[PDB]
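Below you'll find only one chain, the form deposited without ligand 2PG, shown as structure tokens.
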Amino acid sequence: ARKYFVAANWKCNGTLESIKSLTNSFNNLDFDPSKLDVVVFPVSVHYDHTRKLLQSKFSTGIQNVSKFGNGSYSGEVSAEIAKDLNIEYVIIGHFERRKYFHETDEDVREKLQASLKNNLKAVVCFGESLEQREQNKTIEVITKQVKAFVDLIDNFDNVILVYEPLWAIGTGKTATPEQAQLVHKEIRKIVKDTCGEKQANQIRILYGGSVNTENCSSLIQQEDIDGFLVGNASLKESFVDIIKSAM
């Protein structure tokens, strides 16, 4: 069966001290890393500090990766550099990159290609806007976004999909677990259509909308939701409850 996968996307947050206290409270949770993946994504300049403090049961990665490889790309972190540093995971396609930094479907594709060439594991995010949903284009947008990279997947344990319901982020709308599950089912279908039943059955599809201690159980129970990419709630000590929801 699929291994559940609970990730903390710390986004642009943290001090040396806050990370010391937060990582201390995460270490107190017993879990079995051969049964459940728990991954923490700190800011790049916090990675060494975070990786040292978190116990080995925790996996780690970074919040973005370059499409370009090594060379004259000031400000970028290459997949080669991540591999040399044994950084296990990268997030690609997060909506904040697509919103604030003009990241395109082709950038997501090229980042995934770079990541896989360097043996990184990729958490790849996509999802449709309020306008797109209101126009009844959910499946059309998600098909387009997934087919932008899906043919590159070389091992369905090592690329993890994230559904970001942009229509329920910053909009006042809240997605029900039923609504989230429906999209997850369709996402698994796109992978079945393009890659094969056995591959669709292996791939983890995480929910990446608002996750907190109160809704996490109702989401993880859904048949096609395999875990979470968590924002704000992963900056709290109570994140451990979100991890326990998947245990």
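Heads up: residue numbers just count along the shown sequence, starting at 1.
Missing here is the form solved in complex with ligand 2PG; even so, the following discussion is about that form.
Trainee: Judged by heavy atoms and a 4.5 Å cut-off, are 88, 122 and 204 together in contact with ligand 2PG in the deposited complex?
Mentor: Not a single residue of the candidate spot has a heavy atom within 4.5 Å of ligand 2PG in the deposited complex.
Trainee: Do residue 218 and ligand 2PG come within 4.5 Å of each other in the deposited complex, heavy atoms counted?
Mentor: Answer no; every heavy atom of residue 218 is more than 4.5 Å from ligand 2PG in the deposited complex.
Trainee: Is it the case that residue 164, even though its partner is missing from this view, gets within 4.5 Å of ligand 2PG in the deposited complex, heavy atoms only?
Mentor: Heavy-atom contact with ligand 2PG at 4.5 Å: present for residue 164.
Trainee: Applying a 4.5 Å heavy atom distance criterion, does residue 208 contact ligand 2PG in the deposited complex?
Mentor: It does: once ligand 2PG is placed as it appears in the deposited complex, residue 208 has a heavy atom within 4.5 Å of it.
Trainee: Does any part of residue 148 reach within 4.5 Å of ligand 2PG in the deposited complex? Heavy atoms only, please.
Mentor: No, residue 148 is distant from the partner.
Trainee: Could you spot which one of 108, 169, 153, 82 gets a heavy atom to within 4.5 Å of ligand 2PG in the deposited complex?
Mentor: Among 108, 169, 153, 82, a heavy atom within 4.5 Å of ligand 2PG in the deposited complex occurs only for 169.
Trainee: Choose one stretch from 91-99, 110-118, 128-136, 171-179: the one whose residues place a heavy atom within 4.5 angstroms of ligand 2PG in the deposited complex.
Mentor: Contact-bearing stretch, as computed: 91-99.
Trainee: From first to last in sequence, which residues of 217-247 have any non-hydrogen atom within 4.5 angstroms of ligand 2PG in the deposited complex?
Mentor: The stretch touches the partner through 229, 230, 231, 232.
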